[PDB]
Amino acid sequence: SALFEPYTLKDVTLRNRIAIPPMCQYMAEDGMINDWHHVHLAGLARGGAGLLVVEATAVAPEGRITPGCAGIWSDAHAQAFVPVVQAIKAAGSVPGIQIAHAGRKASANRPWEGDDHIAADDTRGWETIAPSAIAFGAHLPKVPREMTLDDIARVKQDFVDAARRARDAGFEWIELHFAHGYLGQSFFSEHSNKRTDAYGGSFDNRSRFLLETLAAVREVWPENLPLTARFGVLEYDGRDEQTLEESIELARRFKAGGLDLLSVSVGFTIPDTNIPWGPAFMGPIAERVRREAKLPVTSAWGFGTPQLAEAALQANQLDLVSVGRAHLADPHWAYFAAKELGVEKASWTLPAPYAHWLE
């Protein structure tokens, strides 16, 4: 089966094509991860996936989505990941991390605690920053502060510091979070970026924050470890052909700038959209990006049906299949997939103390 073929990118080899995408847990305290994360991540790694990407981890305190978000904005924050990385490696999975800045979507409640911007007088909240002083709307009505050029330089450096820390903590795979309406996505989108300086207006200017951040990170991230990004390539906002064309052009620039793989997503930049949800719905758009930018891709949404994951790989729509919620339901989803797809000795997807008894 295609799903269980290994994959090599730079010096890193994944044992199969199952990636666990970043999934926020909302369990950190002042950015510091804890035994919630340790057990969650080590357990996932033991389930058999080839790659485990740690949740959106904030490069700066104000770049958390919520008060429960993980952070890597100090060396002490980074140190907290060391034992988890080591446990992921012990289980034979590749440890990755998504480094992030939530931009105008920051300072929000946890999803089971209202999912909305935190009230102004709640002592947990903070001022958000963005390309322009324009609110997302809906459940995220807070108007962000327009970034200064010095803010832009500082956030870029925060991404570099985060990547350097990720490297030194032992991560073997990094993903820059340029998707889902957060800071990077919001610099790219005309909906959110009304700047008239070097960082807004034209395609080149809207691309600039993303490209400069990638280039700056590339200076500290080892060339032998995959350098990746997540990027929303359309919005389902009635401007999809134009948006896709620009996004694919930016993907070509990312590739030329050393990006090894793109995780293809939806932008979620604004709320007034009409996303055609369905199992594997992203496959055709991922395939178009893959083909037109000639860049390896992953995508997600509904690939927990193992036959869908297999079909996407066989059709060359994807290079890796990201499977999120199914792993929250069953940490050992990769074993279920192995059985479904008829992998010989399927139980040996798991470590010996499980595999021996399930065979």
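Position 1 is the first residue in the sequence shown; the rest follow in order.
Novice: Which is higher in the entry, the mean Cα B factor of 247-255 or that of 114-122?
Specialist: Looking at the recorded C-alpha B-factors, 114-122 comes out higher on average.
Novice: Per the entry, where is the mean C-alpha temperature factor higher: 72-80 or 271-279?
Specialist: Comparing averages over the C-alpha atoms only gives 271-279.
Novice: Looking at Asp260, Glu175, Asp204, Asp161, which one carries the largest C-alpha B-factor according to the PDB entry?
Specialist: Comparing C-alpha B-factors across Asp260, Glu175, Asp204, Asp161, the top value belongs to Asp204.
Novice: Name the residue from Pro95, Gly238, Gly181, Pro226 with the greatest C-alpha temperature factor listed in the entry.
Specialist: Spelled out: the listed residue with the top C-alpha B-factor is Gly238.
Novice: Taking the C-alpha B-factors as the PDB entry records them, is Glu29 in the lowest, middle or highest third of its chain?
Specialist: Within its chain, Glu29 is a highest-third residue by C-alpha B-factor, going by the deposited values.
Novice: Quick check for you: using the entry's CA B-factors within this chain, is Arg290 in the lowest, middle or highest third?
Specialist: Its C-alpha B-factor, which the entry lists for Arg290, ranks in the middle third among residues of this chain.
Novice: Lowest, middle or highest third of the chain for the C-alpha temperature factor of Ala45?
Specialist: Its C-alpha B-factor, which the entry lists for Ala45, ranks in the lowest third among residues of this chain.
Novice: C-alpha B factor of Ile18, ranked within the chain: lowest, middle or highest third?
Specialist: Within its chain, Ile18 is a lowest-third residue by C-alpha B-factor, going by the deposited values.
Novice: Can you tell me whether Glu127 has a C-alpha B-factor in the lowest, middle or highest third compared with the other modelled residues of the same chain?
Specialist: It belongs to the middle third of the chain when residues are ordered by C-alpha B-factor.
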